[PDB]
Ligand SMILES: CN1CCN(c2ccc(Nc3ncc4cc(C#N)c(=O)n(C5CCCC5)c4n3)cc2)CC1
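Next up: just one chain, as structure tokens, the form solved without this ligand.
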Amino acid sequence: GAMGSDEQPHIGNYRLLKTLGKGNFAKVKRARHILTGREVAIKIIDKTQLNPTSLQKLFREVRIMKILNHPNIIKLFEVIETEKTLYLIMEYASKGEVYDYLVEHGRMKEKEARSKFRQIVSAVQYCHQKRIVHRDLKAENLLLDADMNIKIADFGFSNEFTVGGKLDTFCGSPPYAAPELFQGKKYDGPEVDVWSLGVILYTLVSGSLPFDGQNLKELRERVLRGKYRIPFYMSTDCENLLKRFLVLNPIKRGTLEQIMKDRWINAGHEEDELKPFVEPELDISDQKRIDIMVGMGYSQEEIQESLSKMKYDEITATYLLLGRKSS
């Protein structure tokens, strides 16, 4: 029920603020953790409308969210579940979609594009290492947080539980689709995402899509032809890197691990060559945060049990949120 007088609604330990987007089966709201003051996004999924396959899908998608732990992939902090509703407490990326940002402010200088594209490549390679391929990239998958860091959203999930939902299924994906789709060839390997990453890099450095169609038919023709315009300001090294991604034969595209050695990717990072991401082991014995949580009224044995099992309960969420920047 009501938490405080004349206050916003809550769910668990979170104050629910503005709705960011609403869909068929899911809503997303901005929210503030009551205990720590940290800002979060909460995806709200009505379970009463889902059949068993939808439910079992939803469950394993949530489990994938728990497995993926990368600085540029939207991170899960807490799960709250009622009989009728599942709430997923996750990172909030205040600056919205990358392609919307590029439309608004124009192309990124190559230095800034390199910064975001290193983040994109690292995150997607890490998903590929874990055998998660998306094959459905669109602008919605790429977000920016308040520090202009890339946060990849919904990678490897179905759009059944997005705010676009079943209705907007096709609006955003054709510009990123690999030519194998329209040739009638297989469309399930990481090569597909590699092509899409080439489209993404083009949009970062040019502000535009490399294959632009007045409709589905013209977009298909350009994708199958594989030719795209090199702008006068684009560096030769950038142009050569695009050649690693936008290859018509999927067998001849470079793997992401190979492309990580590319010259343009590593300009300005001579002693910092991009390499496959290695998860650090999570520190679950930060006595400073543990003591704060005792102060919040949790017992140290409760804390130890929640962290050691990684339950995505209210304690592990607090501990993780205490490790992030406040306000």
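One rule holds for the numbers: they count along the sequence shown, beginning at 1. Here, rigid core means the biggest group of C-alpha atoms that superpose within 1.5 Å across both forms.
Not pictured, yet referred to below: the form deposited with this ligand bound.
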Check: Though only this chain appears here, would residue 154 touch this ligand in the entry with it bound if you measure heavy atom gaps against 4.5 Å?
Finding: yes
Margin query: Taking this ligand as it sits in the entry with it bound, is residue 96 in contact with it (heavy atom to heavy atom, 4.5 Å or less)?
Written below: yes
Item checked: Distance check, residue 33 to this ligand in the entry with it bound, heavy atom within 4.5 Å -> no
Checklist line | residue 91 within 4.5 Å of this ligand in the entry with it bound, heavy atoms | finding: yes
Checklist line | Candidate stretches 260-268, 289-297, 37-45, 273-281 - the one whose heavy atoms come within 4.5 Å of this ligand in the entry with it bound | finding: 37-45
Note to self: Counting any non-hydrogen atom inside 4.5 Å, which residue from 137, 74, 192, 123 sits next to this ligand in the entry with it bound?
What the structure shows: 74
Notebook entry, point to check: Of the residues 199, 256, 143, 205, which one places a heavy atom within 4.5 Å of this ligand in the entry with it bound?
Noted result: 143
Margin query: this ligand is absent from this chain, but in the entry with it bound, do 28, 100 and 163 each have a non-hydrogen atom within 4.5 Å of it?
Written below: yes
Item checked: From 75, 128, 135, 118, residue displaced between this form and the one not shown - CA threshold 2 Å or more, rigid core -> 135
Next item on the list: Determine whether the C-alpha of residue 87 shifts by 2 Å or more between this form and the one not shown once the rigid core is superposed.
Entry: no
